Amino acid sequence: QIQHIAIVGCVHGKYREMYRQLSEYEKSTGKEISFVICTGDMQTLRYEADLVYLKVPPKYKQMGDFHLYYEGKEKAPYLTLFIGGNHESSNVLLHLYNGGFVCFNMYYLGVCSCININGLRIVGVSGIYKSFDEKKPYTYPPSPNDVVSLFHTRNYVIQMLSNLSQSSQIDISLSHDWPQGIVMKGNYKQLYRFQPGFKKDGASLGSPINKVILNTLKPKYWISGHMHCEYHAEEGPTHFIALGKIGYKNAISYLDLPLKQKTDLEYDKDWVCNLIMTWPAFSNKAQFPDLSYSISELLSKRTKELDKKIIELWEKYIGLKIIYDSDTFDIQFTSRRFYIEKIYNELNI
């Protein structure tokens, strides 16, 4: 039993072309796409005003196609899961830092998270690495000045995600920039012939945060974008796949994986417990996470009886299935935090 998953590199606002490409493959080969995974640079600009939050060179200050899907003019034909890259409507993603649908069939995984679909556990890490921002908190509501920093990956995602392969393996992990040093684990000589600009970076190319997460979780697959080129490599048991940008040949590939059972997009139980147990570090909605707390210390208080009660209350107030909600994004920010706070306090810890 087989499922076919499309994996996409950078989209840069070219959604109609991406779905056209994807519908072609469905018609040409007769295979059915279960769902789509995109590794970032999604540019989910709702309308003109969101352009202030898109950090691009001036020639790329363009709306793209997403507003068509946001308005309902277009309908995304497949469920599309994505992380954020360095070219985003960063204000929208911060409202949805705990994940959410930006429009029908288009689900943002958040700053980081794990989801369940078709028996698979999928971990996403948004953004790109800059050492000088990796300790900065998020400030909310988003203001135009943070356009330059909102999409930089924070070190704290390492502690949020590190326990996630205790119960079971991670099937797929996504990141926008490559895990640092993985460039050396494939045919880099051939890669340097197509991208001679990479050679000077050596093994330091890529994000150290993603390197750590890769080494800790060892997913079956790690997918990244951002470098506008195809690449493959193997780090121990992990198959690494880098993808190009929509418009070129190397932008889309497909994973044909065993389908254990067909199952709708669901929240991951272990992620949900991590989210509830770290609530104290996130409780100040003007600035989070409060790193005076230890994320690891907070997560060390997880127990099997608390996990069971957390998932019971999550199913009650939110539900295990991830379902489309068309409230505005600032309301979704407040609502999801309202139930995390409520669930935590009901634990009396």
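Basically, rigid core = biggest C-alpha set you can superpose within 1.5 Å across the two forms. Each residue number is its position in the shown sequence, starting from 1.
> Which stretch is less alike in 4 other deposited structures of this protein, 295-303 or 52-60, counting RMS CA distance after the rigid core is superposed?
When 295-303 and 52-60 are compared in 4 other deposited structures of this protein, 52-60 lies farther out.
> Regarding 109-117 and 191-199, which shows the higher C-alpha temperature factor on average in the entry?
191-199 has the higher mean C-alpha B-factor.
> Take the C-alpha B-factors listed in the entry for 165-173 and for 254-262, compute each mean, and give the stretch with the larger one.
254-262 has the higher mean C-alpha B-factor.
> Could you check 186, 225, 100, 127 and tell me which one carries the biggest Cα B-factor in the deposited entry?
If I rank 186, 225, 100, 127 by C-alpha B-factor, first place goes to 186.
> For the chain shown, is the CA B-factor of residue 293 in the lowest, middle or highest third of its modelled residues?
It belongs to the highest third of the chain when residues are ordered by C-alpha B-factor.
> Would you please rank residue 71 by its C-alpha temperature factor against the other modelled residues of its chain and give the third it falls in: lowest, middle or highest?
It belongs to the middle third of the chain when residues are ordered by C-alpha B-factor.
> Could you tell me which third, lowest, middle or highest, the C-alpha B-factor of residue 26 occupies within its chain?
Its C-alpha B-factor, which the entry lists for residue 26, ranks in the highest third among residues of this chain.
> Report the third (lowest, middle or highest) to which the CA temperature factor of residue 154 belongs, ranking only the modelled residues of the same chain.
For residue 154, the deposited C-alpha B-factor lands in the lowest third.
> Which third, lowest, middle or highest, does the CA B-factor of residue 231 fall in along this chain?
Tercile = highest for this residue's CA B-factor.
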